[PDB]
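Every chain is numbered from 1 and lettered A, B, ... according to where its sequence line falls, protein lines coming before strand lines. Every heavy atom of this structure was used, including side-chain atoms; hydrogens, water molecules and symmetry mates were not.
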Amino acid sequence: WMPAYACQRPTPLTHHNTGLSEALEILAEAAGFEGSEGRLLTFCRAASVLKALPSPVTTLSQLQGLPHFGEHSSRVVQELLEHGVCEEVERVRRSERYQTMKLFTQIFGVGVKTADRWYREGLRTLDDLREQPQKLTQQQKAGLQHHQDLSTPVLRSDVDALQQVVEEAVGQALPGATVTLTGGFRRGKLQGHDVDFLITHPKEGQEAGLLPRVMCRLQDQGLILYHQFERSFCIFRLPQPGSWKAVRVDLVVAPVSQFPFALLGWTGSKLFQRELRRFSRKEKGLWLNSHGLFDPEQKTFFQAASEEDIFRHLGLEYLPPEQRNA
DNA sequence: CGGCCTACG
DNA sequence: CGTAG
DNA sequence: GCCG
Ligand SMILES: [Cl-]
Ligand SMILES: [Mg+2]
Ligand code: NA
Ligand code: NA
């Protein structure tokens, strides 16, 4: 009664197993910091299964037959049900390695590989990194300067204000172009740590060259604190009462023929999209990305006019964005 | 055992 | 290497 | 870590 891929079941934003899923996600995150992508995936998938259940897990028996629950994930749940805490999870949380890898990987421009090297060199705090700016890229410098602001989530009201400024710039860059809110806010989140916009134009081809024109206009308005094409990873000035704060904004352009695929990809969740691409290839023999859906036997691309089309192509029941919170 | 999403900057 | 979801 |  629980399908094995996250894209085969609705997953709402809020659910009935929050504590259990959060603990499994700690172990997933820690597996990522050690470079164990397989373990990360399993713990992420197990957490997601609990998010999709219709009521709380209260007894170990209720895990029987659920996909992605084996000896390890079941033991974690069992300990939480019996004692309210899982010793393995708590040991991770307190560990110097987990806490430092988490802090460093939060920096825009720092991934697991860079964080781990710094950890191995003995660095532990943000002020440690500031004292040696010779080891920092310009991107990492911006990420470190703006880290505090970027650590606080923004509200949907902020997002709506940002969308108006983006729409103004896009309208001058290319009249008729449109701006769509994607990412977690499209899935229903009321607050989140970045904001994502997808830009297209109804006349195929007109969007060529658009992103540089948009960026120049936003820069000219004084709104761009940092930027580096079709994807732009920016830090924007967001107005706040009497002041402002830095916010991470991603801008993406797609031709209208690809828009459904780009909308689907950029709406997430990350696990949902990895699972959907895995399902596509392994179960359907079709190759999915944010540009299209390829049949490698006929050597053809599916045309889609909507996300609904893509779900139909793949033989999946349609899930609205609010149900893609895997 | 092999596999684990698939791109762009 | 980083980024995205 | 789990699935097929
Ligand atoms: Cl692994
Ligand atoms: Mg986002
Ligand atoms: Na980072
Ligand atoms: Na983003």
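Residue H72(A) has a polar side-chain atom (N or O) positioned under 4.0 Å from OP1 or OP2 of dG1(D). For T114(A), a side-chain nitrogen or oxygen approaches OP1 or OP2 of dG2(C) to under 4.0 Å.
If you take CG of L211(A) and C1' of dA4(C), they are 14 Å apart, rounded to a whole angstrom. In this structure, the CG atom of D116(A) is 10 Å from the P atom of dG2(C), given to the nearest Å. Whole-Å rounding puts the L264(A) CG to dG5(C) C1' distance at 10 Å. Between the CD atom of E29(A) and the P atom of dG1(D) there is a distance of 17 Å, rounded to whole Å. Straight-line distance from the CG atom of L251(A) to the P atom of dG5(C): 12 Å, rounded to whole Å. The NE2 atom of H193(A) sits 17 Å away from the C1' atom of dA4(C) (whole-angstrom rounding). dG2(C) atom P lies 15 Å from atom CZ of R248(A), rounded to whole Å. Per the geometry, CZ belonging to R231(A) stands 10 Å off P belonging to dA7(B), to the nearest Å.
Panel note: side chain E230(A), backbone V252(A); no donor-acceptor pair is recorded below 3.5 Å. Judged by distance alone, with hydrogens and angles left aside, the side-chain atoms of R97(A) form a donor-acceptor pair with the main-chain N or O of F33(A) at under 3.5 Å. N17(A) contributes no side-chain N or O that, together with a main-chain N or O of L20(A), makes up a donor-acceptor pair within less than 3.5 Å. Checked by atom type and distance alone, the side chain of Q99(A) never pairs as donor or acceptor with a backbone atom of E96(A) at under 3.5 Å. Checking side-chain atoms of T200(A) against main-chain N and O of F259(A) turns up no donor-acceptor pair under 3.5 Å.
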Please write out the pairs of protein N or O atoms and N or O atoms of nucleotides 3-6 of chain B separated by less than 3.5 Å, giving the distance to one decimal.
from, atom 1, to, atom 2, distance (Å)
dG3(B), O3', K282(A), NZ, 3.2
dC4(B), OP1, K282(A), NZ, 2.7
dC5(B), OP1, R274(A), NH2, 2.9
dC5(B), OP2, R274(A), NE, 2.9
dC5(B), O2, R277(A), NH1, 3.1
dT6(B), OP1, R281(A), NE, 2.9
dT6(B), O4', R277(A), NH1, 3.1
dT6(B), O2, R277(A), NH1, 3.1

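If you check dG9(B), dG5(C), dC2(D) against the side chain of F233(A), the one that comes closest is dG9(B). Listed nucleotides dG5(C), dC8(B), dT3(C) differ in distance to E230(A); the shortest reach to its side chain belongs to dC8(B).
Residue contacts for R186(A): at a heavy-atom cut-off of 4.0 Å it reaches no nucleic acid atom on any strand shown. Residue contacts for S280(A): at a heavy-atom cut-off of 4.0 Å it reaches no nucleic acid atom on any strand shown.
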Determine, step by step, whether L251(A) and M215(A) satisfy the side-chain contact (heavy atoms from CB on, under 4.5 Å) criterion, reporting the C-alpha distance in whole Å, the side-chain angles of both residues, the deciding distance to 0.1 Å, and the verdict.
-> CA-CA 9 Å; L251(A) 302 178; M215(A) 293 308 307; 3.7 Å; yes
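A tilted orientation is assigned to the rings of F301(A) and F294(A), their planes being inclined by 30° to 60°.
Neither side chain, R124(A) nor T100(A), offers a donor N or O lying under 3.5 Å from an acceptor on the other.
For the contact set between residues 317-326 of chain A and DNA chain C, defined by any heavy atom under 4.0 Å, there are no members.
Remark: the separation of the P atoms in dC3(D) and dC5(B) is 16 Å, to the nearest Å.
The number of heavy atoms from other shown groups lying within 6.0 Å of CD (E322(A)) is above 12.
Each of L263(A), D250(A), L264(A) was scored for a side-chain contact (heavy atoms from CB on, under 4.5 Å) with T182(A), with one residue passing: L263(A).
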